[PDB]
Amino acid sequence: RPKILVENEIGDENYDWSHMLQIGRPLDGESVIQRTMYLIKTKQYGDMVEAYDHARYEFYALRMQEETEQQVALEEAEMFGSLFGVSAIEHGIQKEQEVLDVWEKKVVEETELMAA
Amino acid sequence: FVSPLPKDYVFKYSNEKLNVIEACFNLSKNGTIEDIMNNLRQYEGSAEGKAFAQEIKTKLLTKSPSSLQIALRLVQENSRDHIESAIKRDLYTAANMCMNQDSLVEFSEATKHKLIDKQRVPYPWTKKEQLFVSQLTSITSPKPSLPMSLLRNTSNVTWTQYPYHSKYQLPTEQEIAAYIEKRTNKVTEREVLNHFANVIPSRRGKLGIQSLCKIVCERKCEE
Amino acid sequence: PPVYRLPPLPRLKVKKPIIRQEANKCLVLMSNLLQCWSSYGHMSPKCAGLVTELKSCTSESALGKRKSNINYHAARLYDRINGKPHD
Amino acid sequence: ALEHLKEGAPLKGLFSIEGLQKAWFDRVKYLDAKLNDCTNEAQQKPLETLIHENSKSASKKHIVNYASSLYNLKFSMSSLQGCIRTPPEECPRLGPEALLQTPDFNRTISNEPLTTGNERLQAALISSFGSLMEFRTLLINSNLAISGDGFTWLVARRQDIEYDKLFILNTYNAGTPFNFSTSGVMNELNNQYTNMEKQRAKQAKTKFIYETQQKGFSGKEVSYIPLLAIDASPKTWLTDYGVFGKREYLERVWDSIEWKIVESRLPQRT
Amino acid sequence: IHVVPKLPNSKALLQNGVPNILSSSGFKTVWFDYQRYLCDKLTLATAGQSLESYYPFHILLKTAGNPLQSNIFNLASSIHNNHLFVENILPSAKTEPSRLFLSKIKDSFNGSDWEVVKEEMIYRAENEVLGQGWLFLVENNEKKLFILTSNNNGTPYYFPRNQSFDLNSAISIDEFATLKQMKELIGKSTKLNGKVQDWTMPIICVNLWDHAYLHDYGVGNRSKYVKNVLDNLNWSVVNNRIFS
Amino acid sequence: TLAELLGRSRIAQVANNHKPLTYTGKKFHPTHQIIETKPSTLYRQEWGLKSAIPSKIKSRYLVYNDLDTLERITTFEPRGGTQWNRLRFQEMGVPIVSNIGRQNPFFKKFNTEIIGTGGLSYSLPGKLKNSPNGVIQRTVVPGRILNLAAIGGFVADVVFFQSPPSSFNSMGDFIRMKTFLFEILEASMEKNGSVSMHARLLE
Amino acid sequence: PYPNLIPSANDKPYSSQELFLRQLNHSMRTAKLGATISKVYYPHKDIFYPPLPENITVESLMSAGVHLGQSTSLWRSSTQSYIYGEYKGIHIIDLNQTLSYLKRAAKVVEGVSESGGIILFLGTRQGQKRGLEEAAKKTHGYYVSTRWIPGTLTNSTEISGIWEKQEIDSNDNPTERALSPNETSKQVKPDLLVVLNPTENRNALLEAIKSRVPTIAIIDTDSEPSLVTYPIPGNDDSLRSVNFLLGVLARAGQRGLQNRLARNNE
Ligand SMILES: [Mg+2]
């Protein structure tokens, strides 16, 4: 999952780690960890490990929800006559194809070299 | 070495509270604590501001009346007069409090109750009436019975107002008002802020100066 | 593993950067022909097209077709890539 | 049409005296009247049968859509029941903070089939989905995702009326949960288009792809027996729960499912 | 972070709604709550991505070609479309439709009247979209205008995501042929992302979602609502978004 | 304090590792955190790292080990292929389930082993996927045969009814050129974190 | 506007140029529509809208990336006082210290601008040019991106001999009279050299101190801080942190210029 490291105003943010989903921040392992730390501070889970587990479990549900959202959005798009010119897998195949073509010509030359 | 204030910072004294303070605590030549209390009682305006005024009246009541009166008597005189004389006056009144001949400033007992004995609970007080002006003067003035004198400085100098404070702090409402008057003889808020935050060389990088100026504008002037 | 740090040198450079080109087509054809002639007697028609191809290649000149900036990078980046302590 | 709900006093769990009416009684009226306007016949008959008759037809399309809309709603409402939670008229509407709340579907479980019998149904669900909680997450999250007019369907793979395996699918606007009625319509249209072009390969490959998508592991086609429907449209939940309370609504629905009906719908296993 | 824009005379709108078409509550439902919700969702989707910096319209244009991340597109589309709709609605920021606009309409629809065009639009709205959607009057690279329906979060701008008709229901032969032609055109594009050129601009967006009408007009009477909207809309805004 | 801010901040968030950027061994899952820029930030060479990154890099994504080294260069590689593999997998839509009879780990001192899947799929197995044409029973995916088949950023075991000679024997070790369709049956995940897919060749 | 636009016929469709204009119009009016995006970093905004020295915080500096010092193995121990701690195999610059030094630097920049001094912004790194030029424009000042030819101040007459000098008011009006050949040939020395990569141009620093010119520099955790008059501890490698500091300095100098103009007017 790509990570942007270019900071927006660090002073402007104000995250209540009662929950994971903050607004300016995305959902990631960081958010989990922040939640764990919050739990530790508040002493809901006195143990660190338990708090971590809890945060992980909170994350998982959110991730599952995110996954379902995208798939159903795609389904909807398919239903209502949306048209996607290049799918991700198709793109990948195309990318592979050029490389393979490059390899083939080179490989033939190498075989010829070897023969002679 | 300064730093800006946090983004959650709010100036404690709101506009309406400042206005009610201005209404109540401003007094004439012969103002009193009783007069202030009356003013607080009869103030009318915002509900929150009224509640605040009531609260401050209550806390005045809780505190001692004679000491408050003495303070009131002192402050106008000190505003009028110069530093050294004011200091001397303060010293004299402290002496009088220590050695109360007239027995009209229950101080030592109150201190014992508070500082020595116990932190909790206010003192009940055993003296509550309007002291006369001559009596007040006598309380805050010297006599030939006891000799009094401040210890001599190297710089034995006397002045009516501070030589170096006005430059190196946030500018008073009065100064802002004077500037506005000068400008008049159009004017706008942004221009005023620029003048205060940029033109004045001593107060270019003052921390919460623009905000202060804005507050002042909100309080006093109009469009 | 055992790292090997050099001392401070005057100039990091390779004395002969190889720009490993591909071998010549005409030479290859000639070698193939030679290989064919090792078998099949002196000049049988199994290598009838190969000889023709060789001739076509070596018509204008004996060889058909006629540098790596590597020590332009070493020279450039030596001062960076050093672990030379500060001044 | 239904017995368990009425015009005066709605369900204590989900809907309110006005909000229920807006959701159900008015919608149904709108649909039936529209259907009557479209078709001169006033005989209701079965809805499913009508859909089957008039499917794969652009002229007889609107009527089919209206039948689907009516049927789906009815199916959704049959499943539902009363609940323990307070009415939304008493409770406050959820604000923007509802979006940021973590869902408890991963950790908590409630109102299972087991609590009111329905053991074999529960076992079937478990077999399909791994667990009850997993099934629930699949259902509710899918419903949330729909974001528009649609329905989430618990279904059973028809190969007596035997079934192979339980499943869940979403369907939108006025889409049927039955596969056989609409299976291969697109392929047929493609074939017609190709014929027209000829009259006036890549296309062959696309057709082959379509065919393999359609056809099952053995049988000539496949169909789905619906067991549970859950509506996703704003029509129902905007009245009571506002904009932000879709998830809350879905939770409430889930709490107030009558699983006995679902169990009855579920046929015998092979 | 994406936040809702401040509308002109906001307090007045909150107090009243919109004089003719939307109530105080009904306007809040469509904008002051729903728009906010949409913005929040978009922020959640695109918090740490490169999409955070871009405006909704530009996000939609970026995303349109991607099959995955359709949720982002949907949200972005909704946000833009809804604000267009609100802009069309607003009383001020009486204005008549422009002469140029009328001439363009006449050129487009076989020399028909504006009332007739409105009637055709409302008929299209009634017939085409089931459930949710949008009703646009657009203008393309050929200067003539035309009516464009979308089925939930379909954009008027980019024709592969017009989302103009529902294949969940049965479809015509002509519609299928049109789809096939579109697909072919898309394939002809020949870029790595695979995105065609398109210059469709919306002139009158209308919001056929239930977040606008359902409070005021009930579950029926969506057509009536649409008619009301058409009758009372900001014409100055429309005029502004017309000329090249 | 500053220290607290540093601990919070986005460089501290990237968990450190000194694994090879060039690893020619078997890659079963991502090694390094992928790091993207925006286009604007790329244009002025800023990635949110210690230093500027060379203008030669035109890709928005990268991977790194050290913010700064003794050689006065950040140790990075401009590639984020692992995200695309994940996205391909998602598109394919074959839900990963443990073939061993066990509960799904996402539901309910430290264990460093991979909790279920590594997070390439949070999809649940029970769903169907409808389309205009109908409900998709068989997932159709194009892939390449190597000799095993490369199917959308994953290598997968393959099976068929009869081994086709015309396609295979015509080009024995240039089978990689021709893309063939596949029917993906199921995806299992082993202890080492390898996704063991199983496909079926269609003709 | 657009005088050479040949508009297409009414029966015909839009031309390419006409279409482009329509797109531009759409962009200006209704593209940035659906939402507004608060709290996000645009690179350009630090150059064209830098904050005043007052309003800068530690948090802003951290966001800029000013805290990230060179490396643990590339440490000049001369810079020890400035560094906060080490983390991720990198020395991290104490940022309160950075702030105070920046303020001090900003004040001196403002002062020389007020006095009407020649400020010179020196920045040899790749991306720095545009921001440097902007800063130079902001105060009526100067810059160098293409390399500093050794001896611009020490050997001024040979190097900077054949370039045009000017005259200036108490304001900044050219007052174009002819400079005499004796009047032209004298050196015109800067009153503030401000560098963005002091480690890369040691030479420039060395003549500044020979030529008796106060100098400001972004001292990283490998740079010698004693080599100039007003060091600002910070991250000189990243382009955005440098720009932020530079932009601040420019803003400080701009203010001082404005004040000077005001007092001239008075
Ligand atoms: Mg450096």
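Scanning the range G:237-266 for residues that are more than 14 Å from chain F (Cβ to nearest Cβ) and among the basic types (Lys, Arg) returns G:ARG251, G:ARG255, G:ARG260, G:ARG263. Put simply, of E:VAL138, E:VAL129, E:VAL116 the only residue that is of a type in the set (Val, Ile, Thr), touching a strand residue (DSSP E or B) at 6+ places or on another chain (Cβ under 9 Å) and not in a strand (DSSP E or B) is E:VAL129.
Conditions (1) within 22 Å of the chain's Cα centre (by Cα); (2) facing another protein chain (nearest Cβ under 8 Å), marked per residue:
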{"position": "E:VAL138", "(1), (2)": "yes, no"}
{"position": "E:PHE146", "(1), (2)": "yes, no"}
{"position": "E:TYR157", "(1), (2)": "yes, no"}
{"position": "E:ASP166", "(1), (2)": "yes, yes"}
{"position": "E:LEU192", "(1), (2)": "no, yes"}
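Would you check which residues across the range G:217-266 are assigned to a strand (DSSP E or B) and more than 16 Å from the ligand (Cβ to nearest atom) and list them? Matches in the range G:217-266: G:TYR230 only.
Of the listed requirements (1) among the charged types (D, E, K, R); (2) farther than 30 Å from F:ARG200 by Cα; (3) away from chain E (no Cβ under 13 Å), D:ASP240 misses just one: (3). Just one of the numbered conditions (1) among the aliphatic types (A, V, I, L, M); (2) within 16 Å of the ligand (Cβ to nearest atom); (3) within 14 Å of chain A (Cβ to nearest Cβ) is not true of F:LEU62: (2). Listed by position, the helices (runs of 4 or more DSSP H) enclosed by the range E:15-85 that each have at least 2 residues that are over 30 Å from E:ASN232 (Cα atoms) are E:34-45, E:56-63. Just one of the listed residues (D:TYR193, D:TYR224, D:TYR241) is hydroxyl-bearing (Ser, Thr, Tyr), out of contact with any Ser or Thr (no Cβ under 6 Å at 6 or more places or on another chain) and over 30 Å from D:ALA23 (Cα atoms), namely D:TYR193. Here A:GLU76, A:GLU66 are screened, and the one residue that is buried (at least 22 other Cβ atoms within 10 Å of the Cβ) and at the interface with chain E (Cβ under 9 Å from one of its Cβ atoms) is A:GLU76. Among the residues making up the range A:35-55, those that are within 23 Å of the chain's Cα centre (by Cα) and surrounded by 19 or more Cβ atoms within 10 Å (Cβ to Cβ) are A:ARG35, A:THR36, A:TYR52, A:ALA55.
Among the residues of the range G:195-202, at least one is aliphatic (A, V, I, L, M) and not in a loop (DSSP other than H, G, I, E, B).
So, A:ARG25, is that one more than 9 Å from chain F (Cβ to nearest Cβ), surrounded by 22 or more Cβ atoms within 10 Å (Cβ to Cβ), among the charged types (D, E, K, R) and under 29 Å from F:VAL63 (Cα atoms) or not? Spelling it out, it is not the case that A:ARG25 is more than 9 Å from chain F (Cβ to nearest Cβ), surrounded by 22 or more Cβ atoms within 10 Å (Cβ to Cβ), among the charged types (D, E, K, R) and under 29 Å from F:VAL63 (Cα atoms). Tell me, yes or no, whether the range F:5-12 has at least one residue that is within 16 Å of the ligand (Cβ to nearest atom) and touching a strand residue (DSSP E or B) at 6+ places or on another chain (Cβ under 9 Å). Scanning the range F:5-12 turns up no residue that is within 16 Å of the ligand (Cβ to nearest atom) and touching a strand residue (DSSP E or B) at 6+ places or on another chain (Cβ under 9 Å). The C-beta contact set for the range C:56-85 (first residue farther than 15 Å from F:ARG72 by Cα, second residue loosely packed, with under 12 Cβ neighbours inside 10 Å, distance under 8 angstrom, 6+ apart or interchain) comprises C:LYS67/C:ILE19; C:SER68/C:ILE18; C:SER68/C:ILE19; C:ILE70/C:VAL14; C:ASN71/C:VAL14; C:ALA75/C:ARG11.
Here is a yes/no grid of residues against (1) facing another protein chain (nearest Cβ under 9 Å); (2) within 24 Å of G:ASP222 (Cβ to Cβ):
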{"residue": "F:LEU6", "(1), (2)": "yes, yes"}
{"residue": "F:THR22", "(1), (2)": "no, no"}
{"residue": "F:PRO39", "(1), (2)": "yes, no"}
{"residue": "F:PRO54", "(1), (2)": "yes, yes"}
{"residue": "F:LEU70", "(1), (2)": "yes, yes"}
{"residue": "F:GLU77", "(1), (2)": "no, no"}
{"residue": "F:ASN111", "(1), (2)": "no, no"}
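Look at G:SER38 and say whether it is crowded, with 23+ Cβ neighbours inside 10 Å and either more than 16 Å from the ligand (Cβ to nearest atom) or within 14 Å of chain E (Cβ to nearest Cβ) (or both). It is false that G:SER38 is crowded, with 23+ Cβ neighbours inside 10 Å and either more than 16 Å from the ligand (Cβ to nearest atom) or within 14 Å of chain E (Cβ to nearest Cβ) (or both). Taken together, E:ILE59, E:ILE79, E:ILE89 contain a single residue that is surrounded by 24 or more Cβ atoms within 10 Å (Cβ to Cβ) and away from chain G (no Cβ under 13 Å), which is E:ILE89. Residues in the range E:168-184: is at least one basic (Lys, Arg), assigned to a helix (DSSP H, G or I) and surrounded by 22 or more Cβ atoms within 10 Å (Cβ to Cβ)? There is no residue in the range E:168-184 that is basic (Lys, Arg), assigned to a helix (DSSP H, G or I) and surrounded by 22 or more Cβ atoms within 10 Å (Cβ to Cβ). Candidates are the residues of the range B:192-223 that are β-branched (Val, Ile, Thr) and under 16 Å from G:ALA252 (Cα atoms); the one that is farthest from the other protein chains (Cβ to nearest Cβ) is B:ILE200.
Mind listing just one residue for me: the one in the range F:145-203 that is in contact with a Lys or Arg (Cβ under 9 Å, 6 or more places away or on another chain) and of a type in the set (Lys, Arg) and, of those, surrounded by the most Cβ atoms within 10 Å (Cβ to Cβ)? Looking at the filtered set, the residue picked out is F:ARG176. Here the range E:212-244 is the region considered, the condition is being in contact with a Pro (Cβ under 8 Å, 6 or more places away or on another chain) and not in a helix (DSSP H, G or I), and the residue that is nearest to the other protein chains (Cβ to nearest Cβ) is E:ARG241. When restricted to residues that are within 16 Å of the ligand (Cβ to nearest atom) and out of contact with any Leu (no Cβ under 8 Å at 6 or more places or on another chain), the range G:198-216 contains 2. Only one entry in D:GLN159, D:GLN203, D:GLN122 is more than 9 Å from every other protein chain (Cβ to nearest Cβ) and crowded, with 17+ Cβ neighbours inside 10 Å, namely D:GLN122.
Restricting the range C:17-47 to residues that are surrounded by 11 or more Cβ atoms within 10 Å (Cβ to Cβ) and small (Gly, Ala, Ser), which is farthest from the other protein chains (Cβ to nearest Cβ)? This residue is C:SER44. Scanning the range G:41-80 for residues that are in a loop (DSSP other than H, G, I, E, B), of a type in the set (S, T, N, Q), within 16 Å of the ligand (Cβ to nearest atom) and surrounded by 17 or more Cβ atoms within 10 Å (Cβ to Cβ) gives G:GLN70, G:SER71. Restricting attention to the range G:83-115, the residues that are assigned to a helix (DSSP H, G or I), more than 18 Å from B:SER3 (Cα to Cα) and more than 11 Å from every other protein chain (Cβ to nearest Cβ) total 5.
When you check C:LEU6 against the structure, is it of a type in the set (A, V, I, L, M) and within 12 Å of another protein chain (Cβ to nearest Cβ), yes or no?
Spelling it out, it is not the case that C:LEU6 is of a type in the set (A, V, I, L, M) and within 12 Å of another protein chain (Cβ to nearest Cβ).
Scanning the range B:95-115 for residues being loosely packed, with under 12 Cβ neighbours inside 10 Å and within 19 Å of B:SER134 (Cα to Cα) gives a total of 4. Note on the range D:1-23: residues that are within 20 Å of the chain's Cα centre (by Cα) and aliphatic (A, V, I, L, M) total 6.
We place every Cβ from the backbone using ideal geometry, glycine too, and count neighbours over all the protein chains shown. Each reported figure results from applying straightforward, stated rules to the coordinates on display, with no laboratory input.
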